[PDB]
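Structure file protein_35.cif (mmCIF, N, CA and C atoms) follows.
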data_coords
loop_
_atom_site.label_atom_id
_atom_site.label_comp_id
_atom_site.auth_asym_id
_atom_site.auth_seq_id
_atom_site.Cartn_x
_atom_site.Cartn_y
_atom_site.Cartn_z
N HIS A 1179 254.76 177.36 205.81
CA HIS A 1179 253.94 178.56 205.84
C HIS A 1179 252.47 178.28 205.57
N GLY A 1180 252.15 177.09 205.12
CA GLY A 1180 250.84 176.75 204.62
C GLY A 1180 250.98 176.02 203.32
N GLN A 1181 249.85 175.79 202.67
CA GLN A 1181 249.86 175.06 201.42
C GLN A 1181 250.42 175.94 200.30
N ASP A 1182 251.11 175.30 199.37
CA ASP A 1182 251.76 176.04 198.29
C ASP A 1182 250.75 176.33 197.19
N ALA A 1183 250.51 177.61 196.93
CA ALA A 1183 249.64 177.97 195.82
C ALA A 1183 250.33 177.69 194.50
N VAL A 1184 249.55 177.25 193.52
CA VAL A 1184 250.09 176.73 192.27
C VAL A 1184 250.19 177.87 191.27
N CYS A 1185 251.41 178.18 190.84
CA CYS A 1185 251.58 179.19 189.81
C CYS A 1185 251.24 178.59 188.44
N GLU A 1186 251.14 179.47 187.45
CA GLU A 1186 250.77 179.11 186.09
C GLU A 1186 251.56 179.95 185.10
N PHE A 1187 251.33 179.69 183.81
CA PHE A 1187 251.97 180.44 182.74
C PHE A 1187 251.03 180.48 181.55
N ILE A 1188 250.88 181.67 180.96
CA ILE A 1188 250.08 181.87 179.75
C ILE A 1188 250.96 182.63 178.77
N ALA A 1189 251.20 182.05 177.60
CA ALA A 1189 252.12 182.65 176.65
C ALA A 1189 251.51 183.89 176.03
N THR A 1190 251.92 185.06 176.52
CA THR A 1190 251.50 186.35 176.02
C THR A 1190 252.68 187.03 175.34
N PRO A 1191 252.46 187.87 174.34
CA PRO A 1191 253.59 188.43 173.61
C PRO A 1191 254.26 189.55 174.39
N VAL A 1192 255.42 189.95 173.87
CA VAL A 1192 256.36 190.76 174.63
C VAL A 1192 255.93 192.22 174.66
N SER A 1193 255.62 192.79 173.50
CA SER A 1193 255.49 194.24 173.39
C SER A 1193 254.11 194.75 173.79
N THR A 1194 253.32 194.00 174.54
CA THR A 1194 252.09 194.55 175.08
C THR A 1194 252.42 195.58 176.14
N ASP A 1195 251.50 196.51 176.37
CA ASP A 1195 251.78 197.54 177.35
C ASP A 1195 251.63 196.99 178.76
N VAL A 1196 252.51 197.43 179.66
CA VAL A 1196 252.43 197.01 181.04
C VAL A 1196 251.28 197.73 181.74
N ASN A 1197 250.81 198.84 181.16
CA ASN A 1197 249.70 199.61 181.72
C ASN A 1197 248.40 198.83 181.77
N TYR A 1198 248.28 197.73 181.03
CA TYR A 1198 247.13 196.86 181.21
C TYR A 1198 247.22 196.09 182.52
N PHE A 1199 248.42 195.97 183.10
CA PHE A 1199 248.62 195.18 184.30
C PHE A 1199 248.70 196.01 185.57
N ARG A 1200 248.77 197.33 185.47
CA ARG A 1200 248.85 198.18 186.65
C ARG A 1200 247.49 198.48 187.25
N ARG A 1201 246.47 197.74 186.86
CA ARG A 1201 245.07 197.92 187.20
C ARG A 1201 244.45 196.54 187.41
N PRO A 1202 243.28 196.45 188.05
CA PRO A 1202 242.59 195.16 188.10
C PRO A 1202 242.10 194.74 186.72
N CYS A 1203 242.69 193.65 186.21
CA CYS A 1203 242.48 193.28 184.81
C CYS A 1203 242.18 191.80 184.68
N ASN A 1204 241.88 191.41 183.44
CA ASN A 1204 241.53 190.06 183.04
C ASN A 1204 242.75 189.41 182.42
N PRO A 1205 243.18 188.22 182.87
CA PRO A 1205 244.36 187.58 182.27
C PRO A 1205 244.17 187.17 180.83
N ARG A 1206 242.93 187.07 180.36
CA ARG A 1206 242.67 186.69 178.98
C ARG A 1206 243.11 187.77 178.00
N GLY A 1207 243.10 189.05 178.41
CA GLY A 1207 243.46 190.18 177.58
C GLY A 1207 242.24 190.93 177.10
N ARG A 1208 241.16 190.20 176.92
CA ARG A 1208 239.86 190.73 176.54
C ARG A 1208 238.90 190.56 177.72
N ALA A 1209 238.01 191.51 177.89
CA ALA A 1209 237.11 191.47 179.04
C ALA A 1209 236.01 190.43 178.84
N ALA A 1210 235.94 189.46 179.75
CA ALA A 1210 235.00 188.36 179.65
C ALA A 1210 233.77 188.62 180.53
N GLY A 1211 232.93 187.61 180.68
CA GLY A 1211 231.92 187.64 181.71
C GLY A 1211 230.53 187.92 181.19
N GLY A 1212 229.54 187.23 181.75
CA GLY A 1212 228.17 187.44 181.37
C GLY A 1212 227.52 188.66 181.97
N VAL A 1213 228.20 189.34 182.89
CA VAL A 1213 227.65 190.56 183.47
C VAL A 1213 227.69 191.69 182.46
N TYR A 1214 228.68 191.69 181.58
CA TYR A 1214 228.89 192.77 180.63
C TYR A 1214 227.93 192.74 179.44
N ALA A 1215 227.15 191.67 179.28
CA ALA A 1215 226.44 191.45 178.03
C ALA A 1215 225.22 192.35 177.91
N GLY A 1216 224.47 192.15 176.83
CA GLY A 1216 223.23 192.88 176.61
C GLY A 1216 222.05 191.95 176.43
N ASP A 1217 221.00 192.42 175.76
CA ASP A 1217 219.78 191.63 175.59
C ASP A 1217 219.77 191.05 174.18
N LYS A 1218 220.39 189.88 174.04
CA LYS A 1218 220.54 189.16 172.79
C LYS A 1218 221.00 187.76 173.17
N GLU A 1219 220.72 186.79 172.29
CA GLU A 1219 221.02 185.40 172.60
C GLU A 1219 222.52 185.14 172.63
N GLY A 1220 223.27 185.72 171.71
CA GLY A 1220 224.67 185.36 171.59
C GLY A 1220 225.68 186.39 172.05
N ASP A 1221 225.30 187.25 173.00
CA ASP A 1221 226.22 188.29 173.46
C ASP A 1221 227.37 187.73 174.28
N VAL A 1222 227.12 186.65 175.02
CA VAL A 1222 228.11 186.14 175.97
C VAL A 1222 229.32 185.58 175.23
N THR A 1223 229.09 184.87 174.13
CA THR A 1223 230.20 184.50 173.27
C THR A 1223 230.69 185.66 172.44
N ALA A 1224 229.85 186.67 172.19
CA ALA A 1224 230.30 187.82 171.41
C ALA A 1224 231.30 188.67 172.17
N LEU A 1225 231.17 188.72 173.50
CA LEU A 1225 232.19 189.36 174.33
C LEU A 1225 233.50 188.61 174.26
N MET A 1226 233.44 187.28 174.17
CA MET A 1226 234.63 186.45 174.23
C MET A 1226 235.43 186.54 172.94
N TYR A 1227 234.80 186.26 171.81
CA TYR A 1227 235.56 185.94 170.62
C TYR A 1227 235.28 186.80 169.39
N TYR B 1130 232.02 210.39 158.21
CA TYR B 1130 231.37 209.51 157.26
C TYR B 1130 229.95 209.18 157.68
N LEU B 1131 229.63 209.35 158.96
CA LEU B 1131 228.25 209.22 159.40
C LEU B 1131 227.39 210.34 158.88
N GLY B 1132 227.96 211.52 158.69
CA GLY B 1132 227.23 212.63 158.14
C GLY B 1132 227.01 212.45 156.65
N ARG B 1133 226.25 213.38 156.09
CA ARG B 1133 225.90 213.32 154.68
C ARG B 1133 225.56 214.72 154.22
N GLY B 1134 226.12 215.13 153.09
CA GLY B 1134 225.92 216.48 152.62
C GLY B 1134 227.23 217.17 152.32
N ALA B 1135 228.29 216.39 152.20
CA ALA B 1135 229.58 216.88 151.75
C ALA B 1135 229.84 216.39 150.34
N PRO B 1136 230.43 217.21 149.47
CA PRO B 1136 230.69 216.77 148.10
C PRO B 1136 231.88 215.83 148.04
N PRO B 1137 231.66 214.58 147.62
CA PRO B 1137 232.77 213.63 147.56
C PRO B 1137 233.64 213.90 146.34
N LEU B 1138 234.78 213.23 146.30
CA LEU B 1138 235.70 213.48 145.21
C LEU B 1138 235.23 212.77 143.93
N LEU B 1139 235.96 213.00 142.84
CA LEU B 1139 235.49 212.55 141.54
C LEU B 1139 235.78 211.08 141.29
N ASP B 1140 236.99 210.63 141.61
CA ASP B 1140 237.42 209.27 141.27
C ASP B 1140 236.69 208.26 142.13
N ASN B 1141 235.68 207.62 141.54
CA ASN B 1141 234.90 206.62 142.26
C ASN B 1141 235.71 205.37 142.57
N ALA B 1142 236.81 205.15 141.86
CA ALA B 1142 237.77 204.13 142.26
C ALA B 1142 238.56 204.53 143.50
N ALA B 1143 238.61 205.83 143.81
CA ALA B 1143 239.32 206.31 144.98
C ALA B 1143 238.41 206.76 146.11
N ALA B 1144 237.17 207.15 145.80
CA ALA B 1144 236.26 207.61 146.84
C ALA B 1144 235.81 206.46 147.73
N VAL B 1145 235.61 205.28 147.14
CA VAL B 1145 235.29 204.09 147.91
C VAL B 1145 236.50 203.63 148.71
N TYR B 1146 237.71 203.97 148.24
CA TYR B 1146 238.93 203.49 148.88
C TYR B 1146 239.13 204.08 150.26
N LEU B 1147 238.75 205.34 150.46
CA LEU B 1147 238.88 205.93 151.78
C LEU B 1147 237.84 205.38 152.74
N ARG B 1148 236.63 205.13 152.24
CA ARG B 1148 235.54 204.66 153.09
C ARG B 1148 235.79 203.25 153.59
N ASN B 1149 236.44 202.43 152.77
CA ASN B 1149 236.91 201.13 153.22
C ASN B 1149 238.24 201.20 153.96
N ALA B 1150 238.76 202.39 154.22
CA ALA B 1150 240.02 202.54 154.93
C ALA B 1150 239.86 203.13 156.32
N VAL B 1151 238.73 203.76 156.60
CA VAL B 1151 238.47 204.34 157.90
C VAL B 1151 237.37 203.59 158.64
N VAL B 1152 236.28 203.27 157.94
CA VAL B 1152 235.17 202.56 158.57
C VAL B 1152 235.55 201.11 158.85
N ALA B 1153 236.31 200.49 157.95
CA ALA B 1153 236.76 199.11 158.14
C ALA B 1153 237.73 199.05 159.31
N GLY B 1154 237.28 198.47 160.41
CA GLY B 1154 238.03 198.52 161.65
C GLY B 1154 237.79 199.82 162.39
N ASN B 1155 236.55 200.06 162.79
CA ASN B 1155 236.22 201.28 163.51
C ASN B 1155 235.06 200.99 164.45
N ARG B 1156 235.08 201.70 165.58
CA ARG B 1156 234.03 201.59 166.58
C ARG B 1156 232.77 202.34 166.20
N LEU B 1157 232.84 203.19 165.18
CA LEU B 1157 231.80 204.18 164.99
C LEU B 1157 231.15 204.14 163.62
N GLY B 1158 231.87 203.75 162.56
CA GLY B 1158 231.35 203.75 161.22
C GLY B 1158 230.21 202.77 161.02
N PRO B 1159 229.41 202.98 159.97
CA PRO B 1159 228.19 202.18 159.80
C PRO B 1159 228.51 200.76 159.39
N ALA B 1160 227.57 199.86 159.66
CA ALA B 1160 227.71 198.48 159.23
C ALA B 1160 227.06 198.29 157.86
N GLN B 1161 225.76 198.54 157.79
CA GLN B 1161 225.06 198.70 156.53
C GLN B 1161 225.60 199.95 155.84
N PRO B 1162 225.63 199.97 154.50
CA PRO B 1162 225.87 201.23 153.81
C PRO B 1162 224.79 202.24 154.15
N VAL B 1163 225.18 203.51 154.13
CA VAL B 1163 224.43 204.60 154.77
C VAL B 1163 223.09 204.79 154.05
N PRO B 1164 221.99 205.01 154.77
CA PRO B 1164 220.74 205.36 154.09
C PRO B 1164 220.83 206.76 153.52
N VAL B 1165 220.39 206.90 152.27
CA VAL B 1165 220.58 208.12 151.50
C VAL B 1165 219.64 209.24 151.96
N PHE B 1166 218.71 208.94 152.86
CA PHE B 1166 217.64 209.85 153.22
C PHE B 1166 217.49 210.07 154.72
N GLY B 1167 217.71 209.06 155.55
CA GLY B 1167 217.36 209.17 156.95
C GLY B 1167 218.54 209.38 157.87
N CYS B 1168 218.82 208.40 158.73
CA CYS B 1168 219.91 208.48 159.68
C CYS B 1168 220.62 207.14 159.73
N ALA B 1169 221.95 207.17 159.63
CA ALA B 1169 222.73 205.96 159.80
C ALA B 1169 222.74 205.53 161.26
N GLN B 1170 223.22 204.33 161.51
CA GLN B 1170 223.21 203.78 162.86
C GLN B 1170 224.59 203.24 163.23
N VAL B 1171 224.84 203.23 164.53
CA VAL B 1171 226.08 202.73 165.11
C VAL B 1171 225.90 201.23 165.34
N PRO B 1172 226.90 200.40 165.03
CA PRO B 1172 226.76 198.95 165.26
C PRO B 1172 226.61 198.63 166.74
N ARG B 1173 225.73 197.67 167.02
CA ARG B 1173 225.46 197.26 168.39
C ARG B 1173 226.67 196.55 168.96
N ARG B 1174 227.31 197.17 169.93
CA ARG B 1174 228.45 196.56 170.60
C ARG B 1174 227.99 195.37 171.43
N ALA B 1175 228.93 194.45 171.68
CA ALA B 1175 228.58 193.27 172.46
C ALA B 1175 228.37 193.62 173.92
N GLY B 1176 229.12 194.58 174.45
CA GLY B 1176 229.07 194.83 175.87
C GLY B 1176 229.41 196.25 176.23
N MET B 1177 228.94 196.65 177.41
CA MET B 1177 229.14 197.99 177.94
C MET B 1177 229.70 197.88 179.34
N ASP B 1178 230.85 198.52 179.58
CA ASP B 1178 231.70 198.20 180.72
C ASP B 1178 231.68 199.28 181.80
N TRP C 443 244.05 210.73 182.73
CA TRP C 443 243.37 209.80 183.62
C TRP C 443 241.95 209.55 183.14
N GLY C 444 241.56 208.28 183.08
CA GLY C 444 240.21 207.91 182.71
C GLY C 444 239.26 207.95 183.89
N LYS C 445 238.42 206.93 184.02
CA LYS C 445 237.45 206.85 185.11
C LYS C 445 237.91 205.90 186.20
N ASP C 446 238.45 204.76 185.80
CA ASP C 446 238.93 203.74 186.72
C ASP C 446 240.46 203.75 186.81
N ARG C 447 241.04 204.96 186.89
CA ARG C 447 242.47 205.19 187.12
C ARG C 447 243.29 204.60 185.97
N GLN C 448 242.98 205.11 184.79
CA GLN C 448 243.54 204.58 183.56
C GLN C 448 244.58 205.53 183.00
N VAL C 449 245.49 204.98 182.22
CA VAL C 449 246.44 205.79 181.46
C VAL C 449 246.05 205.58 180.00
N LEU C 450 245.22 206.49 179.51
CA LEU C 450 244.63 206.35 178.19
C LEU C 450 245.44 207.12 177.17
N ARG C 451 245.75 206.47 176.06
CA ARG C 451 246.53 207.09 175.02
C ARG C 451 245.62 207.67 173.95
N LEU C 452 245.89 208.91 173.58
CA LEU C 452 245.16 209.62 172.54
C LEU C 452 246.18 210.30 171.64
N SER C 453 246.16 209.99 170.35
CA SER C 453 247.23 210.44 169.48
C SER C 453 246.64 210.84 168.14
N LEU C 454 247.53 211.19 167.21
CA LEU C 454 247.12 211.67 165.90
C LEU C 454 246.42 210.61 165.06
N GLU C 455 246.71 209.34 165.29
CA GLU C 455 246.06 208.30 164.50
C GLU C 455 244.62 208.08 164.91
N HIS C 456 244.17 208.69 166.01
CA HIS C 456 242.75 208.81 166.27
C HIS C 456 242.12 209.98 165.53
N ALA C 457 242.93 210.91 165.02
CA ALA C 457 242.40 212.06 164.31
C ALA C 457 242.29 211.83 162.82
N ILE C 458 242.15 210.58 162.38
CA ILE C 458 241.93 210.31 160.97
C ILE C 458 240.50 210.63 160.58
N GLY C 459 239.55 210.30 161.45
CA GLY C 459 238.13 210.44 161.15
C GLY C 459 237.62 211.86 161.04
N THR C 460 238.46 212.86 161.28
CA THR C 460 238.08 214.25 161.07
C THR C 460 238.80 214.91 159.91
N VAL C 461 239.88 214.32 159.42
CA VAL C 461 240.69 214.91 158.37
C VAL C 461 240.55 214.14 157.06
N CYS C 462 240.45 212.82 157.14
CA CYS C 462 240.33 211.99 155.95
C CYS C 462 238.98 212.16 155.25
N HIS C 463 237.95 212.62 155.96
CA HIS C 463 236.69 212.92 155.30
C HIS C 463 236.85 214.13 154.39
N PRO C 464 236.42 214.04 153.14
CA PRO C 464 236.86 215.02 152.14
C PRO C 464 236.17 216.37 152.21
N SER C 465 235.47 216.67 153.30
CA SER C 465 234.91 218.00 153.50
C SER C 465 235.95 219.02 153.90
N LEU C 466 237.20 218.62 154.13
CA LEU C 466 238.26 219.58 154.41
C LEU C 466 238.61 220.40 153.18
N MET C 467 238.20 219.97 151.99
CA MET C 467 238.37 220.74 150.77
C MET C 467 237.06 221.31 150.26
N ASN C 468 236.09 221.52 151.15
CA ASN C 468 234.89 222.27 150.81
C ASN C 468 235.26 223.74 150.86
N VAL C 469 235.45 224.34 149.69
CA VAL C 469 236.04 225.66 149.57
C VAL C 469 235.00 226.71 149.18
N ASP C 470 234.11 226.38 148.24
CA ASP C 470 233.27 227.37 147.58
C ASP C 470 232.22 228.00 148.50
N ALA C 471 232.03 227.48 149.71
CA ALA C 471 231.27 228.23 150.70
C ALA C 471 232.06 229.41 151.25
N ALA C 472 233.37 229.44 151.03
CA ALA C 472 234.19 230.59 151.41
C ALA C 472 234.39 231.58 150.28
N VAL C 473 234.84 231.10 149.11
CA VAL C 473 235.13 231.99 147.99
C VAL C 473 233.85 232.65 147.48
N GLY C 474 232.74 231.92 147.51
CA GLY C 474 231.47 232.48 147.09
C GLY C 474 230.85 233.49 148.02
N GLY C 475 231.43 233.71 149.20
CA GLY C 475 230.88 234.67 150.13
C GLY C 475 231.85 235.75 150.56
N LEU C 476 233.15 235.48 150.45
CA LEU C 476 234.14 236.51 150.75
C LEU C 476 234.16 237.61 149.70
N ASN C 477 233.71 237.33 148.49
CA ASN C 477 233.60 238.36 147.46
C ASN C 477 232.21 238.99 147.47
N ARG C 478 231.79 239.43 148.65
CA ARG C 478 230.53 240.14 148.84
C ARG C 478 230.77 241.63 149.02
N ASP C 479 231.60 242.00 149.98
CA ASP C 479 232.08 243.37 150.05
C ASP C 479 233.17 243.58 149.02
N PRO C 480 233.10 244.64 148.21
CA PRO C 480 234.17 244.90 147.23
C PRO C 480 235.46 245.27 147.94
N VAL C 481 236.49 244.48 147.70
CA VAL C 481 237.78 244.63 148.37
C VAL C 481 238.77 245.23 147.39
N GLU C 482 239.75 245.97 147.91
CA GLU C 482 240.73 246.68 147.11
C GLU C 482 241.74 245.72 146.49
N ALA C 483 242.72 246.28 145.80
CA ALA C 483 243.77 245.51 145.15
C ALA C 483 245.11 245.76 145.83
N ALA C 484 245.81 244.68 146.14
CA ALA C 484 247.16 244.71 146.65
C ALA C 484 248.12 244.65 145.47
N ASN C 485 249.38 244.35 145.74
CA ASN C 485 250.36 244.16 144.68
C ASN C 485 250.08 242.88 143.92
N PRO C 486 249.87 242.93 142.61
CA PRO C 486 249.71 241.71 141.82
C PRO C 486 251.04 241.17 141.30
N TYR C 487 251.95 240.86 142.22
CA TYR C 487 253.20 240.23 141.82
C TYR C 487 253.14 238.71 141.89
N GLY C 488 252.46 238.17 142.89
CA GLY C 488 252.33 236.73 143.01
C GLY C 488 251.01 236.18 142.56
N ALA C 489 250.12 237.01 142.02
CA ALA C 489 248.77 236.58 141.70
C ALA C 489 248.51 236.62 140.20
N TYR C 490 249.56 236.76 139.40
CA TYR C 490 249.41 236.82 137.96
C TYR C 490 250.52 236.01 137.33
N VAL C 491 250.20 235.27 136.28
CA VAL C 491 251.15 234.40 135.59
C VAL C 491 251.09 234.73 134.11
#

Could you express the structure from this file as structure tokens?
Amino acid sequence: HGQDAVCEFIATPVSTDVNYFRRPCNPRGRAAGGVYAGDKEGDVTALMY
Amino acid sequence: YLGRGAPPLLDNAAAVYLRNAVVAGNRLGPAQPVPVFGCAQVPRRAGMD
Amino acid sequence: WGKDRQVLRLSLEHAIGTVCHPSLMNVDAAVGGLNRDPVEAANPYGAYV
């Protein structure tokens, strides 16, 4: 059919809501990205952690 | 708790207990203890989505 | 429904910040003003000890 795309696995806990997955979401669980930040030096890591 | 001008309860061992029970872990409560005269402020969130 | 087709949960544990603040027992703005017009007397069976 073509080249085989490589699946993955990330150990996430059981009782999270499935409603986080019925939408376009981030696999990390928390919203990442430098687009979301503000005007400060350390916002990009502040979004992450 | 952002407002000011309500009579707090008597037990100062218990009045601080509620303020550390609602503001601690909240999107809205103050970071600095409230200014006694002016206006409290909302903590600067890392990102706006 | 939210903005981006969300299933947002809103429950009683979000209603802590309006009830736990001790202004729910601010009473004397009521008792000090309801006794302005002289009111009659009902049966004093439950109001006397």

Please evaluate the PyMOL selection byres (((chain C and resi 445-447 and name CA) around 10) and name CA) against the structure above and give the resulting residues as an MDAnalysis selection string.
(chainID A and resid 1200:1202) or (chainID C and resid 443:444 448:450)

I'd like the residues picked by the PyMOL selection byres ((chain B and resi 1132-1140) around 8) written out as a PyMOL selection string, using the chain letters and numbers from the file.
(chain B and resi 1130-1131+1141-1146+1165+1169) or (chain C and resi 463-465+467-468)

Expand the PyMOL selection byres ((chain B) within 6 of (chain A)) into the individual residues it matches in the shown file, reporting them as a count of residues only.
3

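The coordinates place atom CA of residue 485 of chain C at 23.4 Å from atom N of residue 472 of chain C.
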
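Across the structure, atom CA of residue 466 of chain C and atom C of residue 1158 of chain B are spaced 19.8 Å apart.
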
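Distances to chain C were evaluated for A:1187, A:1193, A:1198, A:1181 using only N, CA and C atoms, and the minimum falls at A:1198.
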
With 5 Å added on each side, what axis-aligned box encloses every listed atom of segment 468-473 of chain C? Give the centre and edge lengths in Å to one decimal, as AutoDock Vina command-line options.
--center_x 233.7 --center_y 227.1 --center_z 149.4 --size_x 14.8 --size_y 21.1 --size_z 13.9
